[PDB]
Every structure is written in C-alpha cells, then in structure tokens.
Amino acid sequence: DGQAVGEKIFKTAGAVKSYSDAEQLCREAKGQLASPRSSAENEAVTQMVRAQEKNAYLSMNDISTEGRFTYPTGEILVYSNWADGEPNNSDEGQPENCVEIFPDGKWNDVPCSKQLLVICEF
C-alpha cells in the first residue's frame, strides 16, 4: 500500500539507506525516489515521514551543477519547499548535494552519505 496523489503513488517499507542505496532500492522496485512536484504531493510524502518518524530522501540532487537541484531526468525543480536558510550546501562546512524532507514537510540539503527513510514513487 501507499499514499497517492493523482496517478502517483508513494510507498515505503521503512528501509533506511544512504542516497545511492536508496536510489537502487527504488529502481530495483521499478520506481524512483520520492519526487514531490506539488504541494499536494509534498503533503503525501510528509504524512509518511510523520508516520515512520524518520526524515526521508527525495530524488533531487545538485551533483551536476552546484545549486541547481534536478530530478533523475536532469530537469530543474518545478516545486520546492526549503526550510528557512536552505539549501546552504553546508554540513558544518562540508558539501550537501542530496535532499531530505522533514516531518513538517520542509526540505534540507544533506550529504548523500546520510542514512534516511526510503520512500519510492510509482
């Protein structure tokens, strides 16, 4: 089961993984990491984060061009919900090229080595 908005379904099994491992899990399941493109999609992801009590990865990253967060298509964001002061590319100074979502629905850029809840979209 999962949470759905329109034709998109978000699912989790409560796995917690690094970004690269999370991406692999979703792809092997024939989906991709959660990619909220609207307020309504963001709220569905947020509900799951609240339930699981763990920040989740989103798909988007700025590994290609620093500060330009893109989907797995390489396209720029059509929606964002950054927490106040984010994205800051600064884990106590160190680069942050991946994105986590909080249980309040706001986003923070993080090191892609961080271990976070895996939510996939289908």
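For every residue, the number given is its place in the sequence shown, counted from 1.
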property	result
Other PDB entries, at least a third, lacking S39	no
Check: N89 without coordinates in a third or more of other entries	yes
Greater mean Cα temperature factor according to the PDB record, 84-92 or 23-31	84-92
Given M48, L58, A40, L77, the residue at which the Cα B factor reaches its maximum	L77
Where the record places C112 (Cα B-factor, split into thirds across the chain)	middle
Within-chain third of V16 by Cα B-factor, per the entry	middle
Third assignment of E7 from its chain's C-alpha B-factors	middle
